[PDB]
Amino acid sequence: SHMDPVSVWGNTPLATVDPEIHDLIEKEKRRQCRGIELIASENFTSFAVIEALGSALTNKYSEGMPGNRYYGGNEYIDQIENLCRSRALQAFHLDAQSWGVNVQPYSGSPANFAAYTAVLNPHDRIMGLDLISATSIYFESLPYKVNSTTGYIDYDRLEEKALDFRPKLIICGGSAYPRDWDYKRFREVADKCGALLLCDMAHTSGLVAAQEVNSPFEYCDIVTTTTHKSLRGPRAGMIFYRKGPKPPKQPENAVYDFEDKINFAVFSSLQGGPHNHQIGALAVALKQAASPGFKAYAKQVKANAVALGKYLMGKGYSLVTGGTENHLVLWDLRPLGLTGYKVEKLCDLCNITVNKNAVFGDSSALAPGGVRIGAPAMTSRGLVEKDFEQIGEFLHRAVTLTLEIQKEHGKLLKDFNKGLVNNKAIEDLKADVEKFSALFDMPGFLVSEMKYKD
Amino acid sequence: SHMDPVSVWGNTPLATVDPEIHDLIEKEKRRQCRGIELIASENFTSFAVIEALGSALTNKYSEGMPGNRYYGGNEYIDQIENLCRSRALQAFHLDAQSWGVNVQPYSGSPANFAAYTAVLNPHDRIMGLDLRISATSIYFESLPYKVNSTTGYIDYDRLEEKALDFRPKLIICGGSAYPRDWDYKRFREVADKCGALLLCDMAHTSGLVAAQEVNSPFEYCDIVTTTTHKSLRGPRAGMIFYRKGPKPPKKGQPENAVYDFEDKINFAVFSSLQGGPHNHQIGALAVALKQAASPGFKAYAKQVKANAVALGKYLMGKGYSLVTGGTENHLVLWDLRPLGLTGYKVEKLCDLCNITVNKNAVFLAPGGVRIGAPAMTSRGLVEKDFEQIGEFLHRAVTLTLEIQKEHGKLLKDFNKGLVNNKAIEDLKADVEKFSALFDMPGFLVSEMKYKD
Amino acid sequence: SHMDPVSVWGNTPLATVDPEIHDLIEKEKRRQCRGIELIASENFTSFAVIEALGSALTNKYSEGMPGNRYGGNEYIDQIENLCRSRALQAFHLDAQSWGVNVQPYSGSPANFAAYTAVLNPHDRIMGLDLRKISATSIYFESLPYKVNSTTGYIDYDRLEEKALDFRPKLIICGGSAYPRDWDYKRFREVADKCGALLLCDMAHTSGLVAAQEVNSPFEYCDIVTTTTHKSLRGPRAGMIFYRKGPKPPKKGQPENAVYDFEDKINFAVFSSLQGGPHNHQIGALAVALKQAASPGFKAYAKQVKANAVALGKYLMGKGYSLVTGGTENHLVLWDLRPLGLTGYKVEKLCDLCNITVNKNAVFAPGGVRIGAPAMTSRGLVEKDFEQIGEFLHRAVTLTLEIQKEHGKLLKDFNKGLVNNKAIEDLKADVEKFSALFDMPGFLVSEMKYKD
Amino acid sequence: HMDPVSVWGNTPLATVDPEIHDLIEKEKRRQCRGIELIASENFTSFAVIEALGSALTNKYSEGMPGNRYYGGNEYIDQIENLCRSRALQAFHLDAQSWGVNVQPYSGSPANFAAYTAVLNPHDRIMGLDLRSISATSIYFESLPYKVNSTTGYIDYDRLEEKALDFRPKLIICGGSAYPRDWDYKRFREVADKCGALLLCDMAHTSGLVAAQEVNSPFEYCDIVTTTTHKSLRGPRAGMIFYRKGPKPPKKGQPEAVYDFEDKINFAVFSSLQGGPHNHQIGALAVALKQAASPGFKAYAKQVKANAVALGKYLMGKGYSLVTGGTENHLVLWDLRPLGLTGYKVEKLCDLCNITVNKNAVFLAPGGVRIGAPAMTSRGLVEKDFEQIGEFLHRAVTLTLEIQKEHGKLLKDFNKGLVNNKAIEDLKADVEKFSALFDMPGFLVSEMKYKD
């Protein structure tokens, strides 16, 4: 009849209001620190970020335009957003006269689409790596591909394809490319065909901020990013855009027209307001990302991926491009006669989380031939090159086990699956993974206070 | 030289890692519980939802397809999303054989655009209330239907006549400033007459819908979308509900037709989810949907409606004019044109008095103000408190009119009477004294940094 | 074997090379003589036009831009130059304010090149009863404006209200079955209020327009398209007229603004003429346009309008209902609903009686559209159109009888259309009537089927 | 009052319009007193011209395929039905396997109606040398495939990779200047491996195809479109062939009929405002009857032998041909080895009554396109096409001299063309050589402008 008291519904902890969800989060906390997390797009963010994320900021509606009022109901939100904006420019070593940033998109993908909406008309032609996204529904997409021999982006064919196809936009960035990007060559191709040049640096934005990979800002018109990957932030989106005078190519005294179009495109995608708690949490992560500690983290992420890749190749496994210059290694399993799904499935049963991933020369996108392995998340748990060699040995045992099950039971998934049940070798591997994982600290929550202990 | 230990960067609380951001959040925490929050799209959600939001779920990648693995890496998020889905159907009294729900969209707006992508091709015709800017207007062909220019109600006849002429593939109902309920039956008849899909964006009133305090869109609409932080009192997140199973008897329809939304909506959402959903939103939303299904939430929803009614009765008793002369939901739309005031003038002055409202068009610069009850109600306010809010609103517009009668109707001229104004300072102080009397969900006023 | 010599395949007349087709054309020549041709879009063009249509012009390729060279195109260019200048002269247009492109194959592709030249794909278009789902409704975004459902006149206030809400980039005026003139001024005011281009498809009334017997669209429209075989009495061919030169004073228009239609229309037409225009249509149209500028053509246009009025006054005197209760142009829209007869029933009964009309929707199509241009061209005047009025009255009287003795269902009604002496008598009466009028375009003295 | 009907309507063109009469007579002379090497041109038959210029131009029909055979459409429907059955017969098509729509005004609108029937807007299309500015590139997403840059043959491997990356909904084959036959087998392979419909626009060689002198696209394509005036030697008109009946064995295909017919007819009908050109359909029926004649087969074979023989002659003088010769009606002459633009050769040939088309070779056009169909219809044979070869050799020779004596920029180069006795001498031999040959379509003996 009457309402519940505010203290009952509104101030009672999750543990009491919703024991089922609380119990599942606790089980997920334990999962995160009792296995080996090699999903290349995942990180373990800081408690500070998580605290800004889960705060009263989730209550605040704001318009979806860059705030400037700095008074009234938006006084503190506007200040938080101003901090997010400047810390963003600062993290990527950008001059505010030449670069602006919008931190309002909910996530990377709506940020990308808002950017496409700002600068393109519907059906405009777009080229990206292996490019069904809204990108491909509402625009005319055509992929460029890696060189069949080297695994690097085939820049000559990129230029020939762009000249034949005439894209209004060329997208840099990938999810599974283990090398850096020749943004200069991309600029040259884009200039030869009249295209805008945008980088989606989602995966390596943390390496970018740490100046451990080439900066797309040197040559790209627009740079978008999701913020939770190597950046180690909340799940949020950002759009960087050039400001001021255009380099010459073009009418006299041309200035970039990106700012208003992008702000309006984002604004019009933000019905009900942005996630101001994400902006607040992103501000915290951008501060942490500008620190000397974060530069060292980013060097360790690269060093860790290199050391895992050296361990794997030393056992005779094949890496796409024969190594890595970033946070991940792409492992080609075709020379073993294995599918990425099989290795991913058996790894998962041992609490090692990887992603099956297509490799060049795959027949069907239904059966990818590789696995993708990233270092950000376990590096954040404090792992260094030697720990990543142990991870290599865990992976070596998992793939070895996968070969044995396949050879014993068959390559058809139905037959392959027979070797996964009551398999002591799997159970032994899984136990070793848990003992190893349990050796490391965990950011974002206190393992000491977890509900499910060892 | 070496990495910071996990302890240092990773478990240190926000107050030490980032005092500036910690401070601004504390100031914002004070603003939320020391003023009068009438933004119709705002709520104050529960501490429990916030604890789920701010948890290790933010680290978990998932593919962006409805989870069914229940083993391995996704074991626990699959269970969480599964509870979110089932609790969603329960909160809105839906039978799983008839209705499915997708809880993966980041927010309401990409939830809507994914719904449109699933069932429409580019350039298909759409009509909505005041639908033009938005991606909806850019990639589809949109024509607005409108409210009757004298009653403020939706003109159902002109809607039918536009629909018959324009032939939309999709008709959208739901809106942000319409103070009445929706004749969804009529919308269904109009949609059936022209062959349109019928979609409700129930964002603002989903709380009342789940509590069965307003008309259920689900009776008549093919798809219902929602943002979950307004009347529903959840996190900021999105859901897409869609019909499943046999389509109703319809002339010329192929025999044994079944709805085909599920796969199309699932693929469109998945293709909009690069890097995965916000699994912390899904967990926080499963907490809100459990709270929405409580007996206390039905009573919250009745109270929201009663509070809006009673604030409206107070305003009209003072001779103010409300669009349609009352409300059937959580808001009141205040027509300020007979006062010779613009909505921005009241919004501005109110803002300076810690009363947050929204200028809003009525029936080009908006001549009205939208005022919502869900936020203040959530702090426990009842009708008599909304009459006190009414009196605060009455003082603010009285002062607004005084400023305009002394300094002028032009904007720069009006902005003068807003500096060093004792009436403003008196209202502000009184609003704060009043606001400090009420409980506040989500955090503990007691443990706040900036105390009274 | 070897090739037939040129003379055997290439110079032998049609009557020998293809007797079946020859006989078919001769039977059709006879059908055209021995019936009352009331299809409002038809005419009987001149032998001179036909002689230029069927000439060696059909062999000539030209690149498909307005010929300006006057070489291998020396003569086709001069023919086209005459065609353009006669086009301007026939419609009383200053060659400094108007240009005309005469290369489109027909009216439809002319309109679509016009749209292609001034609009982007999916741009919004409004036309009369504009949805047959044409390229206009598929590649652009179309929305009809309509006639007042009670008076049958165009509802100019709903038009404006619809255009303010829909915001067309292009408003098309002109119709196939509208029996009144067009307030182009009001159309311009509506188009100006909503930022729309204004185009008139004057296909049906172009002959009346040239003779200045109806309002001229050129006073107010940006573009004017037309097919040339209707009231204009020419070959089947298309033309696009467009404003050129400085734009006239317009609120919110930059000073010294110019029209920019010419090169976009030319390129759009050129891009649509794969393998070149139909230069025999251009020569034939040149002839028709010369004929349309004559004092005889003005009197013919007056007579077309007098004839449609006289027919309308006759049918109304028998108690029939016409949409808008009359006509101001070449046609009459007969509302058959007060009688319980469908357009198809009246249309089929007339067709059996050698009277060719078209079922037409009115404010199953419940009306018939009847036009005066074709019979007027055989020399018929008002008294002769009143006799057509009587033939039409008899045939609807006979249709109402078949439905009254056999039923309003189609299969039930077709019964009465079998071995009906009344139909046979009406058919013979129409035939004896029609046979006595002259026939342009060929010599009845040389026909194969003179009886 | 109105003119008497006979005065405006039955008088001949020479009386009504002496200006246009004169121009057509001059053009008739230009056609029989020059060398006409436009590969898209032919000289159609008098019999075709008589059906083209007939009372058929007066008849309105709906634009749906005709089936009435009674009343107003009695004879038109019979003409159309003959046209359709003769079209199928001219290309040896089982009427259960193939349908044909004969009402498009011309080739280009036939193509667009085809695309409108089977494509949605923005669907991807691939064709040879396509753009990304026809209505095709404007309303669909087009990407070209190209010929091997060094050999000039279609690069079928790059065609395959391009189609697999681009995923067209429609692949178009056919070309305007490709001097070789088409591997339709390969094209159907490529289309199946990428899910595409396969359309052939056979405009240029449909004459060769009907006579089975080149590969039949009907073996491998879903839809075949054509204009009818080229090698087919008919009227300027268009034709859409579409498959009917059982679909061929496909992997995930229900146990499925072709679905083109109703979609094609509706698209064409929706493009036919005011009705088809029924005189074109009549004239086309004549052309198809003539195409299925044993002499037409001899004509087709002769067109190729003339193209070949002119190729071998120019090649034996040192000139380079794209692909080193021809398998059809044209040769494409690569003039880049001479430092001559196509325009410079076309210009000088034109001053000599030799009409050729500058053409882009494998960025001003680097060669010229030469066709055989037109002069082969005037009866010319191999020895004569070698004489053209010699005329052409003299033209290029004289052109090279002017470029040496005056320069490469047209401004300077042009001075060589003034007061050029060699040019004048060549024109006379051209004209004298032309006068030796018959001409179809009109009697040379009866022209106004005699020798």
Side-chain angles (χ1 to χ4, degrees), chain A residues 64-67 81-96 98-120 126 128 169-174 181 183-184 186-187 190 195-247 255-267 269-270 274 278-279 282-283 285-287 289-290 294 298, chain B residues 275:
Chain A
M65 276 301 204
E81 198 206 332
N82 180 63
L83 274 188
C84 202
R85 290 199 307 261
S86 41
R87 285 169 189 188
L89 293 188
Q90 285 164 6
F92 296 91
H93 316 269
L94 302 182
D95 176 353
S98 323
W99 279 100
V101 59
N102 189 304
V103 299
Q104 315 252 339
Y106 300 122
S107 197
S109 151
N112 279 331
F113 198 65
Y116 306 160
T117 299
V119 305
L120 301 176
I126 297 187
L169 172 68
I170 301 184
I171 304 169
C172 301
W181 290 76
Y183 298 114
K184 181 199 233 308
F186 267 100
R187 168 53 52 189
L196 286 172
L197 177 54
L198 176 150
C199 175
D200 179 355
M201 62 182 197
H203 262 264
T204 63
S205 72
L207 309 177
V208 168
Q211 305 173 301
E212 289 300 307
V213 296
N214 301 339
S215 169
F217 295 100
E218 170 150 42
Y219 296 112
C220 296
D221 300 292
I222 297 157
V223 179
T224 60
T225 191
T226 225
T227 60
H228 71 277
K229 297 185 172 146
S230 58
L231 202 46
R232 209 154 63 178
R235 297 192 168 247
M238 304 214 267
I239 306 171
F240 297 84
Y241 49 86
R242 264 173 192 204
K243 279 178 29 185
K246 307 219 235 182
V255 309
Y256 287 109
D257 201 15
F258 292 145
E259 184 165 9
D260 293 316
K261 293 181 184 184
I262 285 180
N263 286 337
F264 186 55
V266 173
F267 167 63
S269 78
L270 288 197
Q278 286 165 198
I279 300 171
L282 175 54
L286 285 166
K287 167 164 199 249
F294 192 84

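All values below were derived from every heavy atom in this structure, side-chain atoms included, with hydrogens, water molecules and symmetry-related copies excluded. To find a chain, count down the sequence lines: A is the first, B the second, and so on, and within it residues start at 1.
The two residues A:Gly206 and A:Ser230 make their nearest non-hydrogen contact at N-OG, 2.8 Å. A:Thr225 approaches A:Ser205 most closely through the heavy-atom pair OG1-CB, 3.3 Å.
Between the A:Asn214 side chain and the A:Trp181 main chain, a donor and an acceptor come within less than 3.5 Å of each other. In this structure a side-chain-to-backbone donor-acceptor pair under 3.5 Å is present from A:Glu81 to A:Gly67. Looking at A:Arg87, its side chain does come within 3.5 Å of a backbone N or O of A:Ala283 through a donor-acceptor pair. Of the possible polar contacts, one joining the A:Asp221 side chain to the A:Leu197 backbone as a donor-acceptor pair under 3.5 Å is found. Side-chain atoms of A:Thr226 do not come within 3.5 Å of backbone N or O of A:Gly237 as any donor-acceptor pair. A:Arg235 places a side-chain N or O within 3.5 Å of a backbone atom of B:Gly275 that can act as its donor or acceptor partner.
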Could you give me the CA-CA distance, side-chain angles and deciding distance for A:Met238 and A:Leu282, then say whether side-chain contact (heavy atoms from CB on, under 4.5 Å) is met?
CA-CA 10 Å; A:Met238 304 214 267; A:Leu282 175 54; 3.6 Å; yes

* Asked: Can you list the steps and then say if A:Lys287 with A:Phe294 is a side-chain contact (heavy atoms from CB on, under 4.5 Å)?
  -> CA-CA 10 Å; A:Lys287 167 164 199 249; A:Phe294 192 84; over 6 Å; no

Test side-chain contact (heavy atoms from CB on, under 4.5 Å) applied to A:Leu198 and A:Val223, step by step: CA-CA 6 Å; A:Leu198 176 150; A:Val223 179; over 6 Å; no

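A:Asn82 pairs by the side-chain hydrogen bond (donor to acceptor under 3.5 Å, both in side chains) definition with A:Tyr70, A:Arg85, not counting sequence neighbours. With sequence neighbours left out, A:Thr204 forms a side-chain hydrogen bond (donor to acceptor under 3.5 Å, both in side chains) with no residue at all. Applying the side-chain contact (heavy atoms from CB on, under 4.5 Å) criterion to A:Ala290, with sequence neighbours excluded, gives no partner residue. The side-chain contact (heavy atoms from CB on, under 4.5 Å) check on A:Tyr219 picks up A:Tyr183, A:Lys184, A:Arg187, with sequence neighbours excluded. Residues satisfying the ring pair (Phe, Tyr, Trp, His ring centres under 6.0 Å) test with A:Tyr116, not counting sequence neighbours, are none. Contacts of A:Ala195 classified as side-chain contact (heavy atoms from CB on, under 4.5 Å), with partners at least two apart in sequence or in another chain: A:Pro167, A:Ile170, A:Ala190, A:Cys193. Here A:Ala91 pairs with A:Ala209, A:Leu286 under the side-chain contact (heavy atoms from CB on, under 4.5 Å) rule; sequence neighbours left out.
The line from CD1 of A:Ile239 to CD1 of A:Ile262 is 5.5 Å long, rounded to the nearest 0.5 Å. In this structure, the separation between CG on A:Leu94 and OG on A:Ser86 is 12.0 Å, given to the nearest 0.5 Å.
In this pair, A:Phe92 and A:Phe240 present their aromatic rings perpendicular. The plane angle is above 60°, beyond the 30 to 60° band.
Side-chain rings of A:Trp99 and A:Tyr241 stay apart, their centers remaining 6.0 Å or farther from each other.
For residues 98-116 of chain A, no pair satisfies salt bridge (charged side-chain N to carboxylate O under 4.0 Å, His left out), with sequence neighbours left out.
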